[PDB]
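Take a look at the structure below.
Values in this text are rule-based calculations from the coordinates and carry no lab data. Quick reminder, even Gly has a Cβ in these numbers, built from the backbone with ideal geometry, and neighbours come from all protein chains shown.
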Amino acid sequence: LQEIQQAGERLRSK
Amino acid sequence: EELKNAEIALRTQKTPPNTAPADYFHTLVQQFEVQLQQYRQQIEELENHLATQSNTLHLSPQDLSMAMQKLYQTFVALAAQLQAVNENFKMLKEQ
């Protein structure tokens, strides 16, 4: 879920 | 799971020797309602990770500081919740 968590956060970023 | 269904079905045969089915079909649709959403979220997440992989080369070494301060914030909040819950457990222990 840390790949998906970085996904949620960076998707919020990019 | 299969063995349990099998024991149940053997019992159903024993007693045998349409409301439930439509109920099962309704629940079947229900479960996958959320699973299509999980697919949507995974897909948005994967496209985003690919977006990141595009920047992945050498990029900016500042997002590291950004996420690390985020780590300080998230660990602080988690320790808040942890101490809170543990103090509630000590409260129940006293009571």
Problem set entry | Among (1) away from every other protein chain (no Cβ under 13 Å); (2) within 14 Å of residue A:10 (Cα to Cα); (3) among the small types (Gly, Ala, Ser) - the single one residue B:80 does not satisfy | (2)
For this session: Find the residue count for the range B:52-71, including only residues that are more than 24 Å from the chain's Cα centre (by Cα) and part of a helix (DSSP H, G or I).
Result: 9
For this session: Specify the residue that is nearest to the other protein chains (Cβ to nearest Cβ); the eligible residues are those in the range B:50-72 that are within 13 Å of residue A:13 (Cα to Cα) and among the small types (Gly, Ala, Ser).
Result: B:51
